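For reference, the structure is listed below as structure tokens.
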Amino acid sequence: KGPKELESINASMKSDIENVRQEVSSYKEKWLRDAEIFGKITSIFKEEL
Amino acid sequence: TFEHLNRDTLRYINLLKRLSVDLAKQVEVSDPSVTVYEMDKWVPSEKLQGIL
């Protein structure tokens with residue numbers, strides 16, 4: 001392949017990795033908060049069961 | 001000498017357009033908007049153009 005297309009796809013892969021890391025961190029934080037709330041609610045259910 | 005000059009003039013002027021050979025025309029465009037390419041506006045990079 002050509003050098004210009006090579007640099008272009010390299011920059012694109014870098015930006016994609018960056019955005020993927022950011023979105024993964026955001027979704028992980030959201031899932032952690034929601035799972036914490038769900039566990040706080042389900043503690044009583046587990047104690048009862 | 002005049003005959004030599006005339007024959008060499010014909011040889012030279014024959015050699016520019018007709019007997020010429022040019023680049024390979026590998027194509028790559030950066031702009032995303034462009035979708036159709038004329039295939040003749042392709043020029044070599046300035047670094048190559050100066051050296052040539």
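Residues are referred to by chain and number: the chain letter is A, B, ... according to the order shown in the structure tokens, the number counts from 1 in that chain, and ligands are numbered separately from 1 in the order shown.
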
Set the cut-off to 9 Å and count only C-alpha atoms: what are the residues of chain B that reach chain A? Output as JSON, numbers by chain.
{"B": [26, 27, 28, 29, 30]}

Env of stretch 39-50 of chain B: 8 Å cut, atoms = only C-alpha atoms, seq-sep filter 2 positions within chain, self excluded. Answer as number ranges by chain.
B: 25, 27, 37, 52

Go ahead and write the selection's residues with N, CA and C atoms as a compact mmCIF listing (two decimals), in the first residue's frame.
```
# COMPACT_ATOMS: atom_id res chain seq x y z
N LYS B 25 1.49 6.22 -12.24
CA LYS B 25 0.16 6.72 -11.91
C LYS B 25 -0.51 5.97 -10.76
N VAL B 27 -2.45 6.04 -7.46
CA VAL B 27 -3.41 7.07 -7.07
C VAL B 27 -3.80 6.89 -5.61
N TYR B 37 -12.70 10.47 -9.62
CA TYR B 37 -11.38 10.98 -9.92
C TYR B 37 -11.15 10.98 -11.43
N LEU B 52 13.17 15.68 -10.66
CA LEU B 52 13.07 15.41 -12.09
C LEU B 52 13.44 16.64 -12.91
```

DSSP helix (DSSP H, G or I) selection over chain B, as a PyMOL selection string:
chain B and resi 2-17+46-51

Filtering to C-alpha atoms, could you give me those residues as a compact mmCIF listing (two decimals), in the first residue's frame?
```txt
# COMPACT_ATOMS: atom_id res chain seq x y z
CA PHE B 2 23.03 21.21 -42.26
CA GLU B 3 21.71 17.75 -43.09
CA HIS B 4 22.83 16.51 -39.69
CA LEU B 5 21.11 19.43 -37.97
CA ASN B 6 17.83 18.85 -39.80
CA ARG B 7 17.79 15.11 -39.14
CA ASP B 8 18.56 15.63 -35.46
CA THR B 9 15.84 18.27 -35.18
CA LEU B 10 13.32 15.76 -36.51
CA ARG B 11 14.65 13.12 -34.12
CA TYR B 12 14.34 15.44 -31.13
CA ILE B 13 10.87 16.80 -31.85
CA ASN B 14 9.74 13.24 -32.57
CA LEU B 15 11.02 12.16 -29.16
CA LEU B 16 8.97 14.44 -26.88
CA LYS B 17 5.33 13.59 -27.50
CA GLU B 46 6.79 18.21 -5.32
CA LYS B 47 9.84 16.41 -3.92
CA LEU B 48 9.85 14.20 -7.02
CA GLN B 49 8.97 17.03 -9.40
CA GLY B 50 11.95 19.16 -8.43
CA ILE B 51 14.38 16.24 -8.62
```
